[PDB]
Structures are given as C-alpha cells and as structure tokens.
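Enquirer: Structure file model36.txt (compact mmCIF, N, CA and C atoms) right here:
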# COMPACT_ATOMS: atom_id res chain seq x y z
N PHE A 1 28.36 86.04 -121.92
CA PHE A 1 27.18 86.02 -121.00
C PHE A 1 26.63 84.59 -120.91
N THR A 2 25.68 84.25 -121.79
CA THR A 2 25.07 82.90 -121.81
C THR A 2 25.83 82.01 -122.80
N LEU A 3 25.86 80.70 -122.54
CA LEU A 3 26.55 79.76 -123.42
C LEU A 3 26.12 79.88 -124.87
N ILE A 4 24.86 80.24 -125.12
CA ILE A 4 24.42 80.38 -126.50
C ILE A 4 25.00 81.63 -127.13
N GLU A 5 25.19 82.67 -126.31
CA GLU A 5 25.82 83.94 -126.77
C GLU A 5 27.27 83.64 -127.16
N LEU A 6 27.99 82.86 -126.34
CA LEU A 6 29.34 82.43 -126.65
C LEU A 6 29.39 81.35 -127.72
N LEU A 7 28.26 81.03 -128.34
CA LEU A 7 28.23 80.14 -129.49
C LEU A 7 27.96 80.87 -130.79
N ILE A 8 27.46 82.10 -130.72
CA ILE A 8 27.32 82.92 -131.91
C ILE A 8 28.61 83.66 -132.19
N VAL A 9 29.28 84.15 -131.14
CA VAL A 9 30.54 84.86 -131.32
C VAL A 9 31.55 83.97 -132.04
N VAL A 10 31.77 82.76 -131.52
CA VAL A 10 32.65 81.82 -132.20
C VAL A 10 32.12 81.44 -133.57
N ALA A 11 30.82 81.64 -133.82
CA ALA A 11 30.28 81.40 -135.14
C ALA A 11 30.45 82.59 -136.07
N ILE A 12 30.78 83.76 -135.53
CA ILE A 12 31.03 84.95 -136.33
C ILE A 12 32.52 85.22 -136.48
N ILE A 13 33.29 85.03 -135.41
CA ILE A 13 34.74 85.12 -135.51
C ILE A 13 35.26 84.19 -136.59
N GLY A 14 34.65 83.01 -136.72
CA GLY A 14 35.03 82.12 -137.81
C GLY A 14 34.68 82.69 -139.17
N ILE A 15 33.59 83.45 -139.25
CA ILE A 15 33.21 84.06 -140.52
C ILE A 15 34.16 85.20 -140.87
N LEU A 16 34.30 86.16 -139.98
CA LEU A 16 35.12 87.34 -140.23
C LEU A 16 36.60 87.05 -140.25
N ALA A 17 37.03 85.80 -140.09
CA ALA A 17 38.44 85.46 -140.22
C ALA A 17 38.79 84.91 -141.59
N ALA A 18 37.81 84.72 -142.47
CA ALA A 18 38.04 84.23 -143.83
C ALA A 18 37.16 85.05 -144.77
N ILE A 19 37.73 86.11 -145.32
CA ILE A 19 36.99 86.99 -146.22
C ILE A 19 37.72 87.14 -147.55
N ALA A 20 38.41 86.08 -147.98
CA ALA A 20 39.01 86.00 -149.31
C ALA A 20 40.01 87.13 -149.53
N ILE A 21 41.10 87.09 -148.76
CA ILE A 21 42.13 88.12 -148.85
C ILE A 21 42.75 87.96 -150.24
N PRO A 22 42.80 89.01 -151.05
CA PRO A 22 43.24 88.83 -152.44
C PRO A 22 44.76 88.81 -152.56
N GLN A 23 45.23 88.30 -153.68
CA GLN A 23 46.66 88.26 -153.96
C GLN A 23 47.11 89.65 -154.41
N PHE A 24 47.74 90.39 -153.50
CA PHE A 24 48.29 91.71 -153.80
C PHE A 24 49.74 91.59 -154.26
N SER A 25 49.94 90.79 -155.29
CA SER A 25 51.26 90.61 -155.86
C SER A 25 51.37 91.22 -157.24
N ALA A 26 50.40 90.93 -158.11
CA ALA A 26 50.39 91.55 -159.42
C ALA A 26 50.16 93.05 -159.32
N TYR A 27 49.39 93.49 -158.32
CA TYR A 27 49.03 94.90 -158.24
C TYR A 27 50.17 95.76 -157.75
N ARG A 28 51.27 95.15 -157.29
CA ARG A 28 52.49 95.82 -156.85
C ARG A 28 53.60 95.66 -157.88
N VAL A 29 53.74 94.51 -158.54
CA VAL A 29 54.76 94.34 -159.58
C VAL A 29 54.58 95.33 -160.72
N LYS A 30 53.34 95.67 -161.09
CA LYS A 30 53.05 96.72 -162.07
C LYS A 30 53.67 98.07 -161.69
N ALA A 31 53.66 98.47 -160.42
CA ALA A 31 54.32 99.69 -159.98
C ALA A 31 55.84 99.61 -160.17
N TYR A 32 56.48 98.53 -159.74
CA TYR A 32 57.92 98.34 -159.95
C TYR A 32 58.31 98.40 -161.43
N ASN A 33 57.53 97.78 -162.31
CA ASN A 33 57.75 97.85 -163.75
C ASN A 33 57.67 99.29 -164.25
N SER A 34 56.57 100.00 -163.99
CA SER A 34 56.36 101.37 -164.45
C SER A 34 57.29 102.40 -163.80
N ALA A 35 58.05 102.05 -162.77
CA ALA A 35 59.20 102.84 -162.36
C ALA A 35 60.35 102.69 -163.36
N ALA A 36 60.68 101.47 -163.77
CA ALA A 36 61.79 101.21 -164.69
C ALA A 36 61.57 101.73 -166.11
N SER A 37 60.36 101.65 -166.67
CA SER A 37 60.07 102.19 -168.00
C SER A 37 60.06 103.72 -168.02
N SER A 38 59.47 104.36 -167.02
CA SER A 38 59.64 105.79 -166.75
C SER A 38 61.11 106.18 -166.67
N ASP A 39 61.90 105.45 -165.89
CA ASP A 39 63.31 105.75 -165.69
C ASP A 39 64.10 105.67 -167.01
N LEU A 40 63.86 104.64 -167.82
CA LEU A 40 64.43 104.53 -169.16
C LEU A 40 64.02 105.68 -170.08
N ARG A 41 62.73 106.01 -170.17
CA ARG A 41 62.28 107.09 -171.05
C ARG A 41 62.85 108.44 -170.64
N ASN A 42 63.18 108.60 -169.38
CA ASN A 42 63.91 109.75 -168.88
C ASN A 42 65.40 109.67 -169.25
N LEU A 43 66.03 108.51 -169.04
CA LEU A 43 67.45 108.28 -169.34
C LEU A 43 67.78 108.56 -170.80
N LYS A 44 66.89 108.19 -171.72
CA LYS A 44 67.01 108.51 -173.13
C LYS A 44 67.18 110.02 -173.39
N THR A 45 66.41 110.88 -172.73
CA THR A 45 66.56 112.33 -172.89
C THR A 45 67.93 112.81 -172.43
N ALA A 46 68.51 112.25 -171.37
CA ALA A 46 69.87 112.59 -170.99
C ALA A 46 70.90 112.17 -172.05
N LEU A 47 70.81 110.94 -172.59
CA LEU A 47 71.69 110.50 -173.67
C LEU A 47 71.60 111.42 -174.89
N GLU A 48 70.40 111.69 -175.38
CA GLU A 48 70.23 112.46 -176.60
C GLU A 48 70.30 113.98 -176.39
N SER A 49 70.35 114.45 -175.14
CA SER A 49 70.86 115.77 -174.79
C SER A 49 72.38 115.80 -174.88
N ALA A 50 73.06 114.85 -174.24
CA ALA A 50 74.52 114.81 -174.22
C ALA A 50 75.12 114.65 -175.63
N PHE A 51 74.47 113.90 -176.52
CA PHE A 51 74.93 113.83 -177.91
C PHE A 51 74.95 115.21 -178.57
N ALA A 52 73.88 115.98 -178.43
CA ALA A 52 73.78 117.29 -179.04
C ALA A 52 74.69 118.35 -178.38
N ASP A 53 75.45 118.00 -177.34
CA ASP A 53 76.60 118.77 -176.86
C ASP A 53 77.90 118.32 -177.54
N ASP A 54 78.16 117.01 -177.60
CA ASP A 54 79.51 116.47 -177.84
C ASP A 54 79.69 115.73 -179.17
N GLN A 55 78.64 115.59 -179.98
CA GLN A 55 78.59 114.76 -181.20
C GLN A 55 78.80 113.26 -180.95
N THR A 56 78.68 112.83 -179.70
CA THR A 56 78.89 111.45 -179.28
C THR A 56 78.00 111.14 -178.10
N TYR A 57 77.49 109.92 -178.02
CA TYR A 57 76.96 109.43 -176.76
C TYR A 57 78.09 109.27 -175.75
N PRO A 58 77.80 109.34 -174.45
CA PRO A 58 78.82 109.23 -173.42
C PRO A 58 79.63 107.92 -173.48
N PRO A 59 80.87 107.89 -172.98
CA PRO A 59 81.55 106.64 -172.68
C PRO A 59 80.79 105.89 -171.58
N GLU A 60 80.80 104.56 -171.61
CA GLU A 60 80.26 103.74 -170.51
C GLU A 60 80.98 104.00 -169.18
N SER A 61 80.30 103.77 -168.05
CA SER A 61 80.85 103.90 -166.69
C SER A 61 81.56 105.23 -166.42
N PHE B 1 45.86 106.99 -153.39
CA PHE B 1 44.66 106.93 -152.51
C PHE B 1 44.18 105.48 -152.40
N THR B 2 43.28 105.07 -153.30
CA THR B 2 42.74 103.68 -153.30
C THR B 2 43.58 102.81 -154.24
N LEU B 3 43.67 101.51 -153.95
CA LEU B 3 44.45 100.59 -154.77
C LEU B 3 44.06 100.64 -156.24
N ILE B 4 42.79 100.93 -156.54
CA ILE B 4 42.39 101.00 -157.94
C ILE B 4 42.93 102.27 -158.59
N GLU B 5 43.03 103.34 -157.79
CA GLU B 5 43.62 104.63 -158.26
C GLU B 5 45.10 104.40 -158.60
N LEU B 6 45.82 103.68 -157.73
CA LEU B 6 47.21 103.31 -157.98
C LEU B 6 47.35 102.21 -159.02
N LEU B 7 46.26 101.81 -159.66
CA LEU B 7 46.32 100.89 -160.79
C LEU B 7 46.06 101.57 -162.12
N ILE B 8 45.49 102.77 -162.10
CA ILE B 8 45.35 103.55 -163.32
C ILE B 8 46.62 104.36 -163.58
N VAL B 9 47.22 104.90 -162.52
CA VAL B 9 48.45 105.67 -162.67
C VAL B 9 49.52 104.82 -163.33
N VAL B 10 49.79 103.64 -162.77
CA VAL B 10 50.74 102.72 -163.39
C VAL B 10 50.28 102.29 -164.77
N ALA B 11 48.99 102.41 -165.06
CA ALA B 11 48.50 102.10 -166.40
C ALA B 11 48.65 103.28 -167.35
N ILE B 12 48.89 104.48 -166.83
CA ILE B 12 49.11 105.66 -167.66
C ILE B 12 50.59 106.00 -167.77
N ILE B 13 51.33 105.88 -166.66
CA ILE B 13 52.78 106.05 -166.72
C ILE B 13 53.38 105.11 -167.76
N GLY B 14 52.84 103.90 -167.87
CA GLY B 14 53.30 103.00 -168.92
C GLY B 14 52.98 103.52 -170.31
N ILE B 15 51.85 104.22 -170.45
CA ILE B 15 51.48 104.77 -171.75
C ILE B 15 52.39 105.95 -172.10
N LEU B 16 52.44 106.94 -171.23
CA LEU B 16 53.21 108.16 -171.49
C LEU B 16 54.70 107.94 -171.45
N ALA B 17 55.19 106.72 -171.24
CA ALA B 17 56.62 106.46 -171.31
C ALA B 17 57.05 105.89 -172.65
N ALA B 18 56.11 105.63 -173.56
CA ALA B 18 56.41 105.10 -174.89
C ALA B 18 55.53 105.85 -175.88
N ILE B 19 56.06 106.93 -176.45
CA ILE B 19 55.31 107.74 -177.39
C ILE B 19 56.08 107.90 -178.70
N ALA B 20 56.84 106.87 -179.07
CA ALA B 20 57.49 106.79 -180.38
C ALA B 20 58.44 107.96 -180.60
N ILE B 21 59.50 107.99 -179.79
CA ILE B 21 60.48 109.07 -179.87
C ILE B 21 61.15 108.91 -181.24
N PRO B 22 61.18 109.94 -182.08
CA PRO B 22 61.68 109.74 -183.44
C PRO B 22 63.20 109.80 -183.51
N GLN B 23 63.73 109.28 -184.60
CA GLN B 23 65.17 109.32 -184.82
C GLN B 23 65.57 110.71 -185.30
N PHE B 24 66.12 111.51 -184.39
CA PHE B 24 66.62 112.85 -184.71
C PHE B 24 68.09 112.79 -185.11
N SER B 25 68.36 111.97 -186.12
CA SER B 25 69.72 111.85 -186.63
C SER B 25 69.84 112.43 -188.03
N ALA B 26 68.92 112.07 -188.91
CA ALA B 26 68.93 112.65 -190.24
C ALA B 26 68.61 114.14 -190.19
N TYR B 27 67.79 114.56 -189.24
CA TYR B 27 67.35 115.95 -189.21
C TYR B 27 68.43 116.89 -188.70
N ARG B 28 69.54 116.35 -188.19
CA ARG B 28 70.71 117.09 -187.72
C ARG B 28 71.87 116.96 -188.71
N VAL B 29 72.08 115.80 -189.33
CA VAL B 29 73.15 115.66 -190.33
C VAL B 29 72.96 116.61 -191.51
N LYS B 30 71.72 116.87 -191.93
CA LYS B 30 71.41 117.88 -192.95
C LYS B 30 71.95 119.27 -192.59
N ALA B 31 71.87 119.70 -191.33
CA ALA B 31 72.45 120.97 -190.90
C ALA B 31 73.98 120.96 -191.04
N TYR B 32 74.66 119.93 -190.56
CA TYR B 32 76.11 119.80 -190.71
C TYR B 32 76.55 119.85 -192.17
N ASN B 33 75.84 119.17 -193.06
CA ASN B 33 76.10 119.21 -194.50
C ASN B 33 75.96 120.63 -195.04
N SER B 34 74.82 121.28 -194.83
CA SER B 34 74.55 122.64 -195.34
C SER B 34 75.41 123.72 -194.69
N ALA B 35 76.15 123.44 -193.62
CA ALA B 35 77.24 124.31 -193.20
C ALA B 35 78.44 124.19 -194.15
N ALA B 36 78.85 122.98 -194.51
CA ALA B 36 79.99 122.75 -195.39
C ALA B 36 79.80 123.23 -196.83
N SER B 37 78.62 123.07 -197.42
CA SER B 37 78.35 123.55 -198.79
C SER B 37 78.26 125.08 -198.85
N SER B 38 77.60 125.71 -197.89
CA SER B 38 77.68 127.16 -197.65
C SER B 38 79.13 127.62 -197.53
N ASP B 39 79.93 126.96 -196.71
CA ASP B 39 81.31 127.34 -196.47
C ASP B 39 82.15 127.26 -197.75
N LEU B 40 81.99 126.20 -198.55
CA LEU B 40 82.62 126.08 -199.86
C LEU B 40 82.18 127.18 -200.82
N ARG B 41 80.88 127.45 -200.97
CA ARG B 41 80.41 128.48 -201.90
C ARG B 41 80.90 129.87 -201.50
N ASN B 42 81.17 130.08 -200.23
CA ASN B 42 81.82 131.27 -199.74
C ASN B 42 83.32 131.26 -200.06
N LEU B 43 84.01 130.15 -199.79
CA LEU B 43 85.45 129.98 -200.04
C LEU B 43 85.82 130.24 -201.50
N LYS B 44 84.97 129.80 -202.43
CA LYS B 44 85.14 130.09 -203.85
C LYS B 44 85.23 131.59 -204.14
N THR B 45 84.40 132.43 -203.54
CA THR B 45 84.48 133.89 -203.73
C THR B 45 85.80 134.45 -203.24
N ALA B 46 86.37 133.94 -202.15
CA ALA B 46 87.70 134.37 -201.72
C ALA B 46 88.78 133.97 -202.74
N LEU B 47 88.78 132.73 -203.24
CA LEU B 47 89.72 132.31 -204.28
C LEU B 47 89.63 133.19 -205.53
N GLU B 48 88.44 133.38 -206.06
CA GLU B 48 88.27 134.11 -207.32
C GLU B 48 88.25 135.64 -207.14
N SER B 49 88.23 136.14 -205.91
CA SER B 49 88.66 137.49 -205.58
C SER B 49 90.18 137.60 -205.62
N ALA B 50 90.89 136.70 -204.93
CA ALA B 50 92.34 136.74 -204.86
C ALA B 50 93.00 136.58 -206.23
N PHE B 51 92.43 135.77 -207.13
CA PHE B 51 92.93 135.69 -208.50
C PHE B 51 92.91 137.05 -209.19
N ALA B 52 91.80 137.76 -209.11
CA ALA B 52 91.65 139.06 -209.77
C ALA B 52 92.48 140.18 -209.11
N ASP B 53 93.21 139.89 -208.03
CA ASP B 53 94.31 140.73 -207.53
C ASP B 53 95.66 140.34 -208.15
N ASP B 54 95.99 139.05 -208.16
CA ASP B 54 97.36 138.57 -208.34
C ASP B 54 97.63 137.80 -209.65
N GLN B 55 96.62 137.58 -210.49
CA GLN B 55 96.66 136.72 -211.68
C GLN B 55 96.94 135.24 -211.38
N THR B 56 96.79 134.84 -210.13
CA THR B 56 97.06 133.49 -209.66
C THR B 56 96.14 133.16 -208.51
N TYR B 57 95.70 131.91 -208.41
CA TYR B 57 95.14 131.43 -207.16
C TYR B 57 96.25 131.36 -206.10
N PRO B 58 95.91 131.45 -204.81
CA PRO B 58 96.89 131.42 -203.75
C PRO B 58 97.77 130.16 -203.74
N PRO B 59 98.99 130.21 -203.20
CA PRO B 59 99.73 129.00 -202.84
C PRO B 59 98.97 128.23 -201.75
N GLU B 60 99.05 126.91 -201.74
CA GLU B 60 98.51 126.10 -200.64
C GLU B 60 99.17 126.42 -199.29
N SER B 61 98.46 126.19 -198.18
CA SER B 61 98.95 126.38 -196.80
C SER B 61 99.59 127.76 -196.54
Reformat the file's structure so that it appears as structure tokens.

Expert:
Amino acid sequence: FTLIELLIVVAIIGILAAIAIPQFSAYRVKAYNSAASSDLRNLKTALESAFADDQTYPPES
Amino acid sequence: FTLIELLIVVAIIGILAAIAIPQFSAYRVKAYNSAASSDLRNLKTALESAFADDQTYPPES
C-alpha cells in the first residue's frame, strides 16, 4: 500500500527468515545408533536359541 | 510425535537393549554332566545284575 507499509514488511521478512534453525544432526544419529544396538540384542537371542538346538553356534555366512 | 518424544524412545531403547544377559553356559553343562553320572549309576546295576546270572561280567562289545 504505502511506502512505509512496504518498509515494515521487509523489516519483518528479515526477522522471520532467521530464527536460529537448530542442528538436527545429533537428534537423528541417536535413532540410527539405537536401531543397531536393538538389532544386536535381538541377534544374540537367535544365536543362543540356535546353540540350544545344535550344541554349536551357527557357521558363518 | 514431537522430536523430544523421539528423543526419549531412543534413550530407552538404548537402555532396554543392554540388561546384562548372563552366561548360560555353566547352567547347561551341569545338566549334560548329571545325565552321564545318572547313566553310569544305572549301567552299574545292569553289570552287577548280569554277573549274578552268569558268574561273569559281560564280554566287551
């Protein structure tokens, strides 16, 4: 509308364009880690189930 | 739901994935042993029954 109105908008667009976007890197690597430790604690039950069938842990591959 | 909610889950999955799984090796070898000593104490009764039939322990094989 008025030149002064178009001077507040550009003064607010500048504000709302920098709101300290956080580093969402550590908060995701923790999920990838806790998939692998879960997966290992599960894998152990398969190994120690299979031993109590065969008196041996499985052959590799 | 919220990023903080997905930060407690990964903080608990990490806990419940390490609960000091014990070594269930000695607690099974004892069973295998007590099968063999039972089996021997039984085998002795067959030998010393067979003697009191024949005046001799059996021939081998």

Enquirer: Pick out the chain B residues within 8 Å of chain A. Count only N, CA and C atoms. Give them as a list in words.

Expert: residues 3, 6, 7, 9, 10, 11, 13, 14, 16, 17 and 18 of chain B

Enquirer: Would you mind aligning chain A to chain B, a least-squares fit over all C-alpha atoms taken in order, and returning the superposed chain as an mmCIF file with N, CA and C atoms, in the frame of the given file?

Expert:
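Result written to superposed_38.cif:
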data_model
loop_
_atom_site.group_PDB
_atom_site.id
_atom_site.type_symbol
_atom_site.label_atom_id
_atom_site.label_comp_id
_atom_site.auth_asym_id
_atom_site.auth_seq_id
_atom_site.Cartn_x
_atom_site.Cartn_y
_atom_site.Cartn_z
ATOM 1 N N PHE A 1 45.871 106.987 -153.389
ATOM 2 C CA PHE A 1 44.661 106.929 -152.511
ATOM 3 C C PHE A 1 44.182 105.475 -152.399
ATOM 4 N N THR A 2 43.284 105.063 -153.301
ATOM 5 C CA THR A 2 42.745 103.683 -153.304
ATOM 6 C C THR A 2 43.585 102.808 -154.242
ATOM 7 N N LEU A 3 43.673 101.508 -153.944
ATOM 8 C CA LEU A 3 44.442 100.583 -154.772
ATOM 9 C C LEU A 3 44.059 100.642 -156.239
ATOM 10 N N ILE A 4 42.792 100.928 -156.543
ATOM 11 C CA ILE A 4 42.396 101.008 -157.940
ATOM 12 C C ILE A 4 42.933 102.270 -158.585
ATOM 13 N N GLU A 5 43.039 103.340 -157.789
ATOM 14 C CA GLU A 5 43.619 104.628 -158.263
ATOM 15 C C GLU A 5 45.096 104.395 -158.594
ATOM 16 N N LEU A 6 45.825 103.676 -157.727
ATOM 17 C CA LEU A 6 47.205 103.309 -157.978
ATOM 18 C C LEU A 6 47.350 102.205 -159.015
ATOM 19 N N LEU A 7 46.261 101.810 -159.664
ATOM 20 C CA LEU A 7 46.318 100.889 -160.789
ATOM 21 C C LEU A 7 46.058 101.569 -162.118
ATOM 22 N N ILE A 8 45.493 102.773 -162.100
ATOM 23 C CA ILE A 8 45.354 103.553 -163.317
ATOM 24 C C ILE A 8 46.613 104.352 -163.573
ATOM 25 N N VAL A 9 47.219 104.904 -162.515
ATOM 26 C CA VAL A 9 48.446 105.674 -162.671
ATOM 27 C C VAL A 9 49.526 104.820 -163.330
ATOM 28 N N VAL A 10 49.789 103.637 -162.768
ATOM 29 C CA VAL A 10 50.741 102.727 -163.391
ATOM 30 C C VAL A 10 50.281 102.283 -164.767
ATOM 31 N N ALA A 11 48.982 102.408 -165.067
ATOM 32 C CA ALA A 11 48.503 102.105 -166.398
ATOM 33 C C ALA A 11 48.645 103.277 -167.355
ATOM 34 N N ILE A 12 48.894 104.477 -166.837
ATOM 35 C CA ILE A 12 49.111 105.657 -167.661
ATOM 36 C C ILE A 12 50.590 106.000 -167.767
ATOM 37 N N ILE A 13 51.329 105.880 -166.666
ATOM 38 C CA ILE A 13 52.776 106.043 -166.719
ATOM 39 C C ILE A 13 53.381 105.113 -167.753
ATOM 40 N N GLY A 14 52.838 103.900 -167.871
ATOM 41 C CA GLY A 14 53.303 103.002 -168.921
ATOM 42 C C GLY A 14 52.973 103.517 -170.308
ATOM 43 N N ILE A 15 51.849 104.216 -170.447
ATOM 44 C CA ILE A 15 51.484 104.771 -171.747
ATOM 45 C C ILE A 15 52.386 105.950 -172.096
ATOM 46 N N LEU A 16 52.444 106.939 -171.229
ATOM 47 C CA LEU A 16 53.211 108.154 -171.484
ATOM 48 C C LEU A 16 54.703 107.942 -171.444
ATOM 49 N N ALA A 17 55.191 106.721 -171.234
ATOM 50 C CA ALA A 17 56.621 106.452 -171.305
ATOM 51 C C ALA A 17 57.048 105.885 -172.646
ATOM 52 N N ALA A 18 56.111 105.620 -173.554
ATOM 53 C CA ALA A 18 56.415 105.107 -174.891
ATOM 54 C C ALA A 18 55.528 105.854 -175.884
ATOM 55 N N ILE A 19 56.062 106.928 -176.443
ATOM 56 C CA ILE A 19 55.311 107.744 -177.393
ATOM 57 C C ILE A 19 56.080 107.896 -178.701
ATOM 58 N N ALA A 20 56.838 106.863 -179.076
ATOM 59 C CA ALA A 20 57.489 106.779 -180.382
ATOM 60 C C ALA A 20 58.437 107.954 -180.599
ATOM 61 N N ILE A 21 59.499 107.992 -179.791
ATOM 62 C CA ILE A 21 60.477 109.072 -179.875
ATOM 63 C C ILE A 21 61.154 108.908 -181.237
ATOM 64 N N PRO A 22 61.179 109.937 -182.074
ATOM 65 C CA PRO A 22 61.678 109.744 -183.443
ATOM 66 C C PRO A 22 63.200 109.800 -183.509
ATOM 67 N N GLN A 23 63.736 109.286 -184.597
ATOM 68 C CA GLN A 23 65.175 109.314 -184.826
ATOM 69 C C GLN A 23 65.569 110.713 -185.300
ATOM 70 N N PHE A 24 66.127 111.509 -184.390
ATOM 71 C CA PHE A 24 66.618 112.848 -184.708
ATOM 72 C C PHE A 24 68.088 112.792 -185.114
ATOM 73 N N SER A 25 68.366 111.977 -186.113
ATOM 74 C CA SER A 25 69.714 111.851 -186.632
ATOM 75 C C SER A 25 69.842 112.429 -188.024
ATOM 76 N N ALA A 26 68.920 112.066 -188.919
ATOM 77 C CA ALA A 26 68.925 112.649 -190.245
ATOM 78 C C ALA A 26 68.615 114.137 -190.196
ATOM 79 N N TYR A 27 67.787 114.563 -189.236
ATOM 80 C CA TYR A 27 67.353 115.953 -189.209
ATOM 81 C C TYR A 27 68.428 116.885 -188.704
ATOM 82 N N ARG A 28 69.541 116.346 -188.189
ATOM 83 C CA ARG A 28 70.708 117.091 -187.726
ATOM 84 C C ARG A 28 71.861 116.962 -188.712
ATOM 85 N N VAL A 29 72.084 115.804 -189.334
ATOM 86 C CA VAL A 29 73.148 115.660 -190.333
ATOM 87 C C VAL A 29 72.959 116.608 -191.506
ATOM 88 N N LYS A 30 71.717 116.873 -191.928
ATOM 89 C CA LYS A 30 71.409 117.880 -192.947
ATOM 90 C C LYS A 30 71.944 119.270 -192.585
ATOM 91 N N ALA A 31 71.868 119.703 -191.327
ATOM 92 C CA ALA A 31 72.448 120.967 -190.900
ATOM 93 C C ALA A 31 73.976 120.962 -191.035
ATOM 94 N N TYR A 32 74.655 119.929 -190.552
ATOM 95 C CA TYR A 32 76.109 119.809 -190.707
ATOM 96 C C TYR A 32 76.549 119.850 -192.173
ATOM 97 N N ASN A 33 75.834 119.167 -193.062
ATOM 98 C CA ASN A 33 76.102 119.210 -194.495
ATOM 99 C C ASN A 33 75.966 120.630 -195.038
ATOM 100 N N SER A 34 74.822 121.288 -194.837
ATOM 101 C CA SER A 34 74.558 122.632 -195.342
ATOM 102 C C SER A 34 75.410 123.727 -194.690
ATOM 103 N N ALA A 35 76.149 123.445 -193.625
ATOM 104 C CA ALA A 35 77.241 124.305 -193.198
ATOM 105 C C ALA A 35 78.433 124.189 -194.153
ATOM 106 N N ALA A 36 78.840 122.977 -194.516
ATOM 107 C CA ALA A 36 79.994 122.752 -195.389
ATOM 108 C C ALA A 36 79.799 123.222 -196.830
ATOM 109 N N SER A 37 78.616 123.063 -197.429
ATOM 110 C CA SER A 37 78.347 123.552 -198.784
ATOM 111 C C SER A 37 78.259 125.078 -198.847
ATOM 112 N N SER A 38 77.601 125.712 -197.887
ATOM 113 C CA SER A 38 77.687 127.156 -197.652
ATOM 114 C C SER A 38 79.131 127.625 -197.532
ATOM 115 N N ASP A 39 79.929 126.958 -196.705
ATOM 116 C CA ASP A 39 81.313 127.337 -196.465
ATOM 117 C C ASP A 39 82.154 127.264 -197.754
ATOM 118 N N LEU A 40 81.996 126.201 -198.542
ATOM 119 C CA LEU A 40 82.619 126.086 -199.858
ATOM 120 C C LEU A 40 82.184 127.188 -200.824
ATOM 121 N N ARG A 41 80.883 127.447 -200.968
ATOM 122 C CA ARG A 41 80.410 128.478 -201.893
ATOM 123 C C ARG A 41 80.894 129.867 -201.502
ATOM 124 N N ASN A 42 81.170 130.077 -200.236
ATOM 125 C CA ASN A 42 81.821 131.277 -199.744
ATOM 126 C C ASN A 42 83.325 131.266 -200.060
ATOM 127 N N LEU A 43 84.006 130.146 -199.796
ATOM 128 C CA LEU A 43 85.446 129.983 -200.040
ATOM 129 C C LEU A 43 85.814 130.241 -201.495
ATOM 130 N N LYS A 44 84.978 129.801 -202.434
ATOM 131 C CA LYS A 44 85.132 130.089 -203.847
ATOM 132 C C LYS A 44 85.233 131.599 -204.144
ATOM 133 N N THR A 45 84.397 132.434 -203.536
ATOM 134 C CA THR A 45 84.477 133.885 -203.732
ATOM 135 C C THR A 45 85.803 134.449 -203.238
ATOM 136 N N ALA A 46 86.373 133.948 -202.143
ATOM 137 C CA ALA A 46 87.699 134.369 -201.726
ATOM 138 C C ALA A 46 88.787 133.976 -202.738
ATOM 139 N N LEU A 47 88.780 132.729 -203.245
ATOM 140 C CA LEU A 47 89.720 132.307 -204.281
ATOM 141 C C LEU A 47 89.626 133.189 -205.529
ATOM 142 N N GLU A 48 88.432 133.382 -206.068
ATOM 143 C CA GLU A 48 88.267 134.109 -207.315
ATOM 144 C C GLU A 48 88.251 135.636 -207.146
ATOM 145 N N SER A 49 88.232 136.141 -205.908
ATOM 146 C CA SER A 49 88.660 137.495 -205.579
ATOM 147 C C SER A 49 90.178 137.602 -205.617
ATOM 148 N N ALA A 50 90.883 136.707 -204.927
ATOM 149 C CA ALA A 50 92.342 136.744 -204.855
ATOM 150 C C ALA A 50 92.999 136.578 -206.238
ATOM 151 N N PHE A 51 92.421 135.772 -207.129
ATOM 152 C CA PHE A 51 92.934 135.689 -208.499
ATOM 153 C C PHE A 51 92.907 137.050 -209.197
ATOM 154 N N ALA A 52 91.794 137.767 -209.116
ATOM 155 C CA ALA A 52 91.649 139.053 -209.766
ATOM 156 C C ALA A 52 92.479 140.176 -209.106
ATOM 157 N N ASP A 53 93.218 139.894 -208.030
ATOM 158 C CA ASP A 53 94.308 140.736 -207.533
ATOM 159 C C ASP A 53 95.654 140.337 -208.154
ATOM 160 N N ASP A 54 95.983 139.042 -208.168
ATOM 161 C CA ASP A 54 97.367 138.567 -208.346
ATOM 162 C C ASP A 54 97.632 137.803 -209.647
ATOM 163 N N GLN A 55 96.621 137.586 -210.489
ATOM 164 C CA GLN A 55 96.658 136.723 -211.686
ATOM 165 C C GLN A 55 96.936 135.243 -211.386
ATOM 166 N N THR A 56 96.793 134.841 -210.129
ATOM 167 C CA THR A 56 97.059 133.485 -209.663
ATOM 168 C C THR A 56 96.144 133.160 -208.507
ATOM 169 N N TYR A 57 95.695 131.918 -208.410
ATOM 170 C CA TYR A 57 95.146 131.434 -207.155
ATOM 171 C C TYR A 57 96.245 131.361 -206.103
ATOM 172 N N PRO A 58 95.905 131.450 -204.816
ATOM 173 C CA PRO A 58 96.892 131.421 -203.749
ATOM 174 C C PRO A 58 97.770 130.154 -203.743
ATOM 175 N N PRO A 59 98.991 130.203 -203.200
ATOM 176 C CA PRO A 59 99.723 128.998 -202.841
ATOM 177 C C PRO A 59 98.964 128.239 -201.747
ATOM 178 N N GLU A 60 99.044 126.911 -201.739
ATOM 179 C CA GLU A 60 98.507 126.093 -200.636
ATOM 180 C C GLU A 60 99.164 126.426 -199.290
ATOM 181 N N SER A 61 98.457 126.191 -198.178
ATOM 182 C CA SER A 61 98.950 126.385 -196.804
ATOM 183 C C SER A 61 99.580 127.758 -196.547
#

Enquirer: Quick one: pull the distance between CA of residue 29 in chain A and CA of residue 20 in chain B, Å, one decimal.

Expert: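 CA of residue 20 in chain B lies at a distance of 24.4 Å from CA of residue 29 in chain A.
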
Enquirer: Smallest atom-to-atom distance to residue 46 in chain B: which of B:21, B:58, B:15, B:2, using all atoms listed in the file?

Expert: B:58

Enquirer: Can you tell me, as an MDAnalysis selection string, which residues in range 5-61 of chain A count as alpha helix (DSSP H) by DSSP?

Expert: chainID A and resid 5:13 26:54

Enquirer: How many Å separate atom N of residue 59 in chain A from CA of residue 25 in chain B?

Expert: 18.1 Å

Enquirer: Mind pulling up the distance from atom N of residue 19 in chain B to atom N of residue 1 in chain B?

Expert: 25.2 Å

Enquirer: Put the listed atoms of range 17-28 of chain B in a box along x, y and z with 5 Å added on every side and give me the centre and edge lengths in Å to one decimal, as JSON.

Expert:
{"center_x": 63.5, "center_y": 111.1, "center_z": -180.7, "size_x": 26.7, "size_y": 22.0, "size_z": 29.0}
